[PDB]
Every structure is written in C-alpha cells, then in structure tokens.
Amino acid sequence: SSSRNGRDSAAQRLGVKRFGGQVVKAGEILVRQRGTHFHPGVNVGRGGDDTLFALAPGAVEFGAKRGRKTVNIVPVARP
Amino acid sequence: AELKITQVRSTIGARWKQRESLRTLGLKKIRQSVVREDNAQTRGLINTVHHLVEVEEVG
Amino acid sequence: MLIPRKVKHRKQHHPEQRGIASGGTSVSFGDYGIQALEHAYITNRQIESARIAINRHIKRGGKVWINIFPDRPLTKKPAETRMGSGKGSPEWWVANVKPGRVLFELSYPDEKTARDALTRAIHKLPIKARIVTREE
Amino acid sequence: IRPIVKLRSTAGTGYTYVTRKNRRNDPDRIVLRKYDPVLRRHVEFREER
Amino acid sequence: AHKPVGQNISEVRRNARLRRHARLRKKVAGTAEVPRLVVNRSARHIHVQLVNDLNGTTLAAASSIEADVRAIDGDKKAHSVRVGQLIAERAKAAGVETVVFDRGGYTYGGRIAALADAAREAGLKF
RNA sequence: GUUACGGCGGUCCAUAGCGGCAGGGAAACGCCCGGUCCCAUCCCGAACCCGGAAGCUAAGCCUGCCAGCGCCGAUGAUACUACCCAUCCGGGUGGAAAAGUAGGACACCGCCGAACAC
RNA sequence: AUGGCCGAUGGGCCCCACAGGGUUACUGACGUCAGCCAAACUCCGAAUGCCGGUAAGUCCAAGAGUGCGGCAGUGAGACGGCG
RNA sequence: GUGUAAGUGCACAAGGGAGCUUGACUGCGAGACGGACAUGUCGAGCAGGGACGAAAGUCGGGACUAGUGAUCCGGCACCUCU
C-alpha cells in the first residue's frame with residue numbers, strides 16, 4: 001500500500017523572541033506571529049506579516065487592553 | 001542557622017543540576033562535608049540534592 | 001454492534017490507558033451497575049455481548065443503559081505485510097474505559113437476578129469489574 | 001502564452017522602465033499608470049507590447 | 001401599559017457616533033505636546049476639550065454655552081468659529097500650538113469644520 | 001463644594017453586562033420642527049449636514065432598588081505534575097497545584113465642563 | 001454520543017375529496033433534564049521547561065562560557081527510565 | 001464572511017459599500033528575527049517626487065503565512081564606464 005500524506009511545511013520559528021523585562025533596541029523583533037494573538041501597543045508596531053517590533057528602546061511589557069493581549073515597550077530611565 | 005551537608009551518594013547517574021548544585025555547595029567527593037547557612041539558596045540546593053546528601057543542623 | 005455515524009478523524013492514536021475515571025463514576029441512570037476496576041479498550045462486540053447476556057438472563061421487565069459508546073477507532077494493518085507503508089485502516093471501535101467508569105446500568109425488581117445478569121455481562125467483559133448501586 | 005504576463009510598463013517622456021504583472025484578458029494592452037522614474041519625476045507609464 | 005420595541009434613533013445615533021469616534025481614535029490620540037482636540041456637537045451647542053490621553057486629562061475646554069459666545073446674533077457656525085477662537089487662545093495660554101483634531105465621530109463639515117478652520121486661523125496647527 | 005448631570009478617558013474591559021420595576025429633565029444630553037443655505041441618500045432631509053425652538057422626558061442618557069440569566073469566585077480537597085524513594089504496587093515522600101463545584105462577590109477611578117452653591 | 005421529557009416532521013387511521021382537521025401501535029428534528037468522550041475540540045489550565053533580570057554560590061575551579069585561528073575525529077549508535 | 005488549503009487572527013473590524021487614486025514607487029535603511037552555508041523575513045525612520053485625507057497620518061502590493069528556481073550562459077532597454 002501507500003500513504004497519501006507525508007508532507008509538512010518548514011517550521012517558521014514563530015513565537016516570542018523578547019519576553020517581559022527583556023531590554024530591547026528599536027526594531028527588535030519581539031513577536032513572530034501570523035495574526036494578532038499579541039497586539040501592538042505602546043512604542044510597538046505591526047509589520048506586514050503581523051510581526052511586532054519595538055519602535056523605541058525599553059523593556060518589553062506584556063499587558064492587556066480591552067481583552068486583547070498587548071505588547072508594550074516601557075522606557076528605561078537612564079540614571 | 002548552619003547546616004553541615006555531607007555528600008553520601010555519587011554523581012554517577014546524577015543529573016546536571018544535581019552535580020552542579022553539589023559543586024555550588026562545595027562538594028566533590030563522597031563523605032565530603034561542607035558547612036553552609038540555612039538560607040533559601042542552600043535550602044533549594046539541598047532540595048535538589050537531598051538524595052545525595054545527609055544534612056545536620058549545627059548546634 | 002454500536003458504531004458512530006461518522007468521525008472527523010478515522011485514524012486516531014490509541015486512547016491513553018491511564019488515570020482513574022473522573023466522569024461516569026456513578027450510576028445516574030438506574031439502580032444497579034457495572035463499575036470497572038481496570039483500564040481497557042471495550043469494544044462493540046464486548047458491549048453487545050454483555051447487553052445480550054443481560055437481556056437473556058432476564059427478560060421483559062426492567063431496563064438497561066449503556067453509558068459508553070465505542071467511538072474511538074483502532075486500526076489494523078493487513079496481515080502478511082511489512083511494517084510501514086502507512087497506517088492501517090479502522091477495524092475495531094472501542095471506548096477507553098478507565099477504572100471507576102460505570103459501563104452498564106439496569107433497573108430490575110429483584111436484586112438477585114439483576115446482580116446475576118451483571119455478572120454474566122462482566123464475564124463477557126475483558127476486565128475486572130464490580131457491582132454498584134445508586135444508593136451508595 | 002500566459003494570462004497574467006510580465007507587462008514591462010515603460011514611460012512616456014523617456015522610455016525607461018518599471019515592471020509588474022497584469023492579466024491579458026483585460027480588453028487592452030495599455031496599462032497607463034503613473035510612476036516615479038529615475039532621471040525625472042512622476043509621469044505616466046505605458047506597456048510597450 | 002406601553003412597551004416600545006425598537007431602539008430609538010437617538011440610541012442608534014449615539015452608539016454609531018461612539019463607534020466611529022473610537023474608529024478614528026484608533027489612529028488619533030492626544031499628548032501633552034500634541035493634545036487631542038476632541039469635539040462634541042449637539043443640535044443646540046458645541047463643545048471642545050484638549051485632552052492628553054496619556055493621563056486622560058483635559059487641559060483647556062471651550063463651549064457654546066458661556067454668554068460671551070451664546071450672545072452672538074448668528075448661526076451655530078458663528079458660535080463654532082467663536083468656540084474655535086476661544087479654545088485656540090486658551091490652548092496658547094496653556095502652552096500649545098499643535099494639536100490633533102478629534103471630530104468626535106462626526107462628519108467634518110459645517111459647524112465642526114468652521115470651528116477647526118477658526119482655530120487654525122487663531123494659531124493652532126492642524 | 002452639592003448634584004437622580006454633560007462630555008473625555010481608564011480598569012487583568014463583566015464584581016462593570018443583560019433583563020428588571022419605580023423614578024428625573026436646572027443648564028446640558030436628547031428626541032423633536034423644517035429643509036432656504038454648506039452638505040447628503042448606489043432611492044429616501046431616515047441617515048449625513050444645515051437652519052431652528054413648538055412639546056416631551058415616551059425613548060436614549062441618568063438615579064435607586066438585584067444573586068432572575070450571565071460574569072467573578074477563594075479556601076480546603078482532588079486530578080495532573082518537576083525531583084526523590086521504591087525490585088511491577090504507577091505505590092509513596094517532600095514541593096508546585098488546577099478545572100469543575102460550593103461558600104460567597106451587583107461597578108469603580110480620574111480630568112474638564114454645566115447649573116446651582118460660592 | 002447515552003437515556004428520559006416535549007414534540008415539530010413525516011407514515012398510517014378516521015372525518016375518508018384536493019383543502020382544513022382530530023387521532024396515533026410508529027419515526028420522532030429542534031429544545032430541554034441528567035450523565036459522557038476527543039491528537040488535529042477548548043469557557044479553562046497547571047507543574048516543569050524556556051527567555052530575561054537580579055542576589056548569591058562554586059571560585060589556589062568548574063579546568064566553565066564567548067570570539068578568532070591551527071589540528072581534528074564523528075556524521076552506522078545501543079539499552080534502560082520518563083513522554 | 002475573510003479571493004483560494006488549514007491554522008492564527010479579524011466585529012475596534014483585517015468582513016460589506018462608495019469616492020479619489022496607482023506607494024503593486026526611486027534612493028536608502030538604525031535595529032532585529034531566522035540562522036551549517038546559500039536562502040529567507042520584519043523594519044521604525046531620512047530624502048525625492050506623489051495618492052488619499054480638512055488634518056493628524058497611512059501607503060515601498062494584497063489580514064498573515066504557500067503561489068516558486070541558485071549559478072553559469074545568453075537576450076532586451078538605459079547608462080557622462082571600458
């Protein structure tokens with residue numbers, strides 16, 4: 001006999017790249033995702049592939065806003 | 001406040017966390033005894049390697 | 001023999017034979033019942049034979065319930081074939097029966113004939129089981 | 001022959017190029033579309049057949 | 001007894017206005033350096049606030065209520081230009097030159113547009 | 001400063017909702033009156049917009065009453081579980097610890113403004 | 001997907017037309033009461049592990065880690081515990 | 001319902017409709033993801049010259065992820081190179 005299956009796609013390495021508290025530079029990829037399981041918030045932008053990137057430095061802060069899970073970047077105050 | 005921690009069993013068959021916890025306690029051999037505090041850190045180390053150590057509350 | 005009208009997935013992993021049953025641990029339908037004490041895949045044939053054994057040991061009078069449906073497929077590769085070349089086709093339909101799960105229930109007047117019928121059923125069944133009561 | 005072909009939208013006022021794709025079963029060859037060229041600025045581009 | 005069955009056009013208007021207000025407010029938001037000039041418009045009056053949505057606080061407000069503008073012998077658009085002038089000069093007093101206009105879920109035209117153009121004239125930037 | 005209050009926002013966006021049954025119209029919010037003007041309906045001045053102030057709080061909005069429906073929901077226990085002990089017991093230790101249930105939880109906070117007060 | 005309850009729906013019967021009716025030995029959807037199941041179901045949701053930070057530990061040593069370069073070999077694994 | 005598989009998402013709409021349009025751009029790209037290598041991916045932001053919008057702002061193709069083929073070789077157009 002034979003199987004009509006056997007295929008699979010390449011793993012896309014989606015996920016969260018910078019978790020809560022992680023200090024990140026601007027443009028840093030925080031979240032690789034397909035939709036908006038994580039939404040963009042403060043100083044975070046959404047790319048064409050629904051990827052979340054920091055628009056400014058800071059520490060990643062995961063929050064909520066009207067039920068949506070959000071990703072925010074809180075500034076790191078210099079001494 | 002102080003604990004005497006004597007290694008009684010071996011690192012052979014022991015996992016990385018356990019071996020390195022013993023190192024972090026200062027133990028390298030069977031029947032090697034090290035004296036530490038009763039802090040949370042050494043308490044956690046002992047919780048990780050209780051099966052490899054015999055503990056005695058000093059005084 | 002019981003069987004589902006359809007399943008979304010015809011080829012499924014084997015149901016995990018672990019854990020005590022969390023639901024169906026009691027009667028909720030009748031007076032006397034069969035409780036299981038082992039893990040097992042109970043099949044169509046077993047269920048129907050046990051139901052029949054009850055319905056023959058006692059006749060018109062009383063009612064029987066079957067609190068499990070065998071909606072879990074089990075495949076079988078053809079015989080005289082090598083390993084591989086795909087997963088087998090469904091052959092058996094089973095119900096994963098954890099201990100505690102009540103399988104059969106009945107309501108009949110005389111406890112004697114009821115318990116004896118349930119004993120016939122248990123002997124048709126592949127597992128160690130137990131008579132249980134709605135009362136306790 | 002493909003329905004959606006290369007097109008090669010070129011420019012009026014200088015015949016340099018931009019390329020994209022457009023279905024052949026549109027009833028024309030003339031995808032007049034504005035674009036920015038190098039060496040000039042926004043002008044109308046057409047598809048040289 | 002009595003029991004009306006359909007939601008009134010007032011409820012429809014309110015909820016829809018709020019919907020489209022939130023719609024444009026997805027993009028628009030105010031700051032201390034660029035406040036949100038948010039409008040409310042009834043059939044009788046018009047109101048504006050300057051908001052810093054960071055703290056959810058108002059910096060300067062204006063309205064067609066107070067007598068200095070209610071006394072005009074003109075239309076609601078006249079009241080609107082006066083309100084724009086007032087909120088412009090009050091914002092200048094508060095230390096503002098640049099805002100972002102929140103039309104409150106209304107259509108930009110008539111009274112609201114006149115208010116906005118008046119504030120633009122008086123000095124605010126948008 | 002006080003409102004049965006009008007806006008703008010916030011909350012691990014439901015302890016906030018829905019549905020009650022009894023209420024309110026000071027300014028305001030509103031319905032509401034008309035389309036001459038900007039503007040508008042893939043038809044409609046319904047809407048959008050504009051000009052208005054005849055009457056009405058009927059509705060929206062707002063206030064009080066609530067465990068009726070939904071939502072929240074511990075504790076303890078259980079399941080599951082990392083490590084460990086244990087020659088099958090998936091047994092047991094010390095740690096973590098649900099879901100479901102049950103007991104019980106019914107909006108709050110801020111800024112501005114309005115009338116009044118002052 | 002189990003049993004009840006209701007009862008559309010149809011099948012029959014009787015009023016016997018054709019419609020409209022009641023009535024049912026029957027099927028009986030939908031809904032509802034109770035009990036259940038799922039790797040490709042999830043209102044939920046652990047422990048662990050992972051990422052990061054931080055304070056310490058080890059610290060005459062783990063003979064650690066990272067970077068560069070020379071030299072490799074390996075790229076047939078096995079059993080056991082757990083999933 | 002989302003052009004089309006499934007999933008993640010989308011009702012705040014990314015779904016439905018209308019108007020205007022061509023950013024389905026040029027030069028670039030801080031920083032990142034992913035990573036044997038080669039591939040691949042996101043990208044704020046600066047300028048140019050534009051579209052829409054009152055403005056803020058958005059637009060470097062499409063809700064996202066597939067829809068493709070290294071190098072060699074050769075072809076075409078343009079270029080103040082040889």
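Labels below follow one simple rule: chain letters A, B, ... track the order of the sequence lines, proteins then strands, and each chain is numbered from 1.
- Look at the P atom in both F:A115 and F:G23: the space between them is 30 Å, to the nearest Å.
- In this structure, A:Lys17 reaches the sugar-phosphate backbone alone: every heavy-atom distance under 4.0 Å involves primed, P, OP1 or OP2 atoms, never a base.
- Closest to the side chain of A:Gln12, out of H:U65, H:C42, F:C32, is H:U65.
- The side chain of E:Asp102 lies closest to F:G9 when the candidates are F:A28, H:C25, F:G9.
- The base of G:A56 lies close enough to the side chain of B:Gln41 for a donor and an acceptor atom to sit less than 3.5 Å apart.
- Backbone-only engagement by A:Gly47 is indicated by non-hydrogen atom pairs under 4.0 Å involving sugar-phosphate atoms exclusively.
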Sub-3.5 Å pairs of nitrogen or oxygen atoms, protein against nucleotides 8-11 of chain H:
unit_1	atom_1	unit_2	atom_2	d
H:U8	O2	A:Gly35	N	3.2
H:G9	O3'	A:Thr36	OG1	3.1
H:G9	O2'	A:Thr36	N	3.2
H:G9	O2'	A:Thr36	OG1	2.5
H:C10	OP1	A:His39	NE2	3.2
H:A11	OP1	A:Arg68	NH2	2.2

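- Near RNA chain F, meaning a heavy atom under 4.0 Å away, the residues from residues 5-18 of chain B are B:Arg9, B:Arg15, B:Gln18.
- Set against F:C84, H:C42, H:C25, the side chain of B:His51 has F:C84 as its closest nucleotide.
- Nearest nucleotide to the A:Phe19 side chain, out of H:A24, G:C51, G:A1: G:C51.
- Within residues 64-76 of chain E, no residue approaches RNA chain H, by heavy-atom distance under 4.0 Å.
- Checking H:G34, F:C32, F:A47 against every side-chain atom of E:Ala43, the shortest atom distance belongs to F:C32.
- Across the P atoms, F:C49 and F:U57 are found 28 Å apart, a figure rounded to whole Å.
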